[PDB]
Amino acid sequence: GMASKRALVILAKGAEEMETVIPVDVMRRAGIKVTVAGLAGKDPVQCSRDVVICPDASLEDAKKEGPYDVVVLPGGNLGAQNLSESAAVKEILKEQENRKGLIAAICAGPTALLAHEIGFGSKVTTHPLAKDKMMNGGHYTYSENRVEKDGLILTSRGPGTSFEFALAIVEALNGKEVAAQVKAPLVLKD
């Protein structure tokens, strides 16, 4: 039926586990083929609140199996720092931007866009506490929307916006009707 879509979720030590799992799960509910790729390799990843998640693949392997319809950056302060320090992440994000592919980042995650000089001049949001880091240099325009989207740059604010973020990714890739169908069984407040 509809075109098959693929997502790369880059999972670093210190990632916010809720911001990782909610988008993975919701995107799989939408029929997206999601690869959870460990930044450091295939070993289990210790997230910010000590949930330990086993990646589907190393980033080293997953990066060779693209391209992807979306690249997703969870937050977590230390996770986002790790993403920001990675040359592999830099290369993946630059390729995705060049290809006009969706890039989605939540909470502190968008600060890795700054680190890798991705999407300058777009409207973005972040966690309130990550605003100052994101806005250093004035390279983006800040938004307080729970989810923000400016062209191919899709951002969101925190654990409590993760469902909205995920469903925005679904809407961008598979359309509004799929997003609405996936949303209904979740028992979201609105």
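One rule holds for the numbers: they count along the sequence shown, beginning at 1.
Peer 1: Averaging CA B factors per stretch from the PDB record, which one is higher: 63-71 or 46-54?
Peer 2: In the deposited entry, the stretch with the higher C-alpha B-factor mean is 63-71.
Peer 1: For the C-alpha atoms alone, is the average B factor greater in 169-177 or in 17-25, going by the entry?
Peer 2: In the deposited entry, the stretch with the higher C-alpha B-factor mean is 169-177.
Peer 1: Compared with the other modelled residues in the chain, in which third is the CA B-factor of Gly138?
Peer 2: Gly138: CA B-factor falls in the lowest third of its chain.
Peer 1: Compare the C-alpha B factor of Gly76 with those of the other modelled residues in its chain, then answer lowest, middle or highest third.
Peer 2: Its C-alpha B-factor, which the entry lists for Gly76, ranks in the highest third among residues of this chain.
Peer 1: Mind checking which third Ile106 falls in for C-alpha B-factor across the chain?
Peer 2: Middle third.
Peer 1: Pull the Cα B-factor of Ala112 out of the PDB entry and bin it into the chain's lowest, middle or highest third.
Peer 2: Its C-alpha B-factor belongs to the lowest third of this chain's values.
Peer 1: What third of its chain, lowest, middle or highest, does the C-alpha temperature factor of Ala37 fall into?
Peer 2: It belongs to the middle third of the chain when residues are ordered by C-alpha B-factor.
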